[PDB]
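Participant: Below is a structure I'd like to ask you about.
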Amino acid sequence: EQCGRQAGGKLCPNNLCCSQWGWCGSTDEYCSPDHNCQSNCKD
């Protein structure tokens with residue numbers, strides 16, 4: 001995993017959103033509070 005709880009709090013590179021799964025990306029499944037985004041979220 002790249003980020004988030006699964007990776008002991010690592011932030012994503014390039015301002016990317018950390019999904020609930022601990023991976024980095026820029027679309028809704030990564031960024032939405034409705035999908036429990038962990039960091040750099042779209043709110």
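Residues in the structure tokens are named by chain (A, B, ... in the order shown) and by number from 1 within that chain; ligands are numbered from 1 in the order shown.
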Env of residue 24 of chain A: 7 Å cut, atoms = only C-alpha atoms, seq-sep filter 4 positions within chain, self excluded. Answer as a PDB file with C-alpha atoms, in the first residue's frame.

Facilitator:
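Wrote selection19.pdb, looks like this:
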```
ATOM      1  CA  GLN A   2       1.087   3.566  -0.714  1.00  0.00           C
ATOM      2  CA  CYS A   3      -0.655   5.651   1.898  1.00  0.00           C
ATOM      3  CA  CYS A  12       0.556  10.390  -1.430  1.00  0.00           C
ATOM      4  CA  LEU A  16      -3.047  12.737  -4.702  1.00  0.00           C
ATOM      5  CA  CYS A  17      -5.956  11.469  -2.637  1.00  0.00           C
ATOM      6  CA  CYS A  18      -5.407   8.456  -0.400  1.00  0.00           C
ATOM      7  CA  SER A  19      -8.300   6.051  -0.844  1.00  0.00           C
ATOM      8  CA  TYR A  30     -10.004   7.868  -3.948  1.00  0.00           C
TER       9      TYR A  30
END
```

Participant: Just list as an NGL selection string whatever in chain A DSSP marks as strand (DSSP E or B).

Facilitator: :A and (4 or 10 or 17-18 or 24-25 or 39)

Participant: Name the residues in contact with residue 21 of chain A at a cut-off of 8 Å, using only C-alpha atoms, excluding same-chain residues fewer than 4 positions from it; report them as a list in words.

Facilitator: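 Residues near the query, excluding close chain neighbours: residues 1, 4 and 6 of chain A.
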
Participant: Deliver the residues from the most recent selection as a file, using N, CA, C and O atoms, as a PDB file, in the first residue's frame.

Facilitator:
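Below you can see again-v4.pdb, which holds the result:
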```pdb
ATOM      1  N   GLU A   1       0.848  -1.195   0.000  1.00  0.00           N
ATOM      2  CA  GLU A   1       0.000   0.000   0.000  1.00  0.00           C
ATOM      3  C   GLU A   1       0.874   1.232   0.000  1.00  0.00           C
ATOM      4  O   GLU A   1       1.978   1.192   0.522  1.00  0.00           O
ATOM      5  N   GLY A   4      -1.861   6.177   3.880  1.00  0.00           N
ATOM      6  CA  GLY A   4      -2.977   6.000   4.778  1.00  0.00           C
ATOM      7  C   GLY A   4      -2.728   5.031   5.923  1.00  0.00           C
ATOM      8  O   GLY A   4      -1.569   4.693   6.219  1.00  0.00           O
ATOM      9  N   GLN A   6      -3.066   1.955   6.252  1.00  0.00           N
ATOM     10  CA  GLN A   6      -2.405   0.710   5.829  1.00  0.00           C
ATOM     11  C   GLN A   6      -0.904   0.865   5.732  1.00  0.00           C
ATOM     12  O   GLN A   6      -0.169  -0.126   5.814  1.00  0.00           O
TER      13      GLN A   6
END
```

Participant: May I ask for the distance between atom CA of residue 42 of chain A and atom CA of residue 29 of chain A, given in Å to one decimal place?

Facilitator: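 Between these atoms lies a distance of 10.7 Å.
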
Participant: Which neighbours of residue 41 of chain A fall inside 7 Å, counting only C-alpha atoms, when residues of the same chain fewer than 3 positions from it are skipped, and could you give them as a PyMOL selection string?

Facilitator: chain A and resi 17+31-32+37-38

Participant: Keeping only C-alpha atoms, write the selected residues to a file as a compact mmCIF listing (two decimals), in the first residue's frame.

Facilitator:
```
# COMPACT_ATOMS: atom_id res chain seq x y z
CA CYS A 17 -5.96 11.47 -2.64
CA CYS A 31 -11.09 11.42 -3.12
CA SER A 32 -14.71 11.34 -1.90
CA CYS A 37 -10.98 8.99 1.58
CA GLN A 38 -8.10 9.14 4.10
```

Participant: Measure the distance from atom CA of residue 15 of chain A to atom CA of residue 33 of chain A in Å and round it to one decimal.

Facilitator: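 Distance between the two atoms: 16.3 Å.
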
Participant: Would you please work out which residue, of A:22, A:28, A:14, A:9, is nearest to residue 43 of chain A when using only C-alpha atoms?

Facilitator: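 Comparing A:22, A:28, A:14, A:9 against residue 43 of chain A, the winner is A:28.
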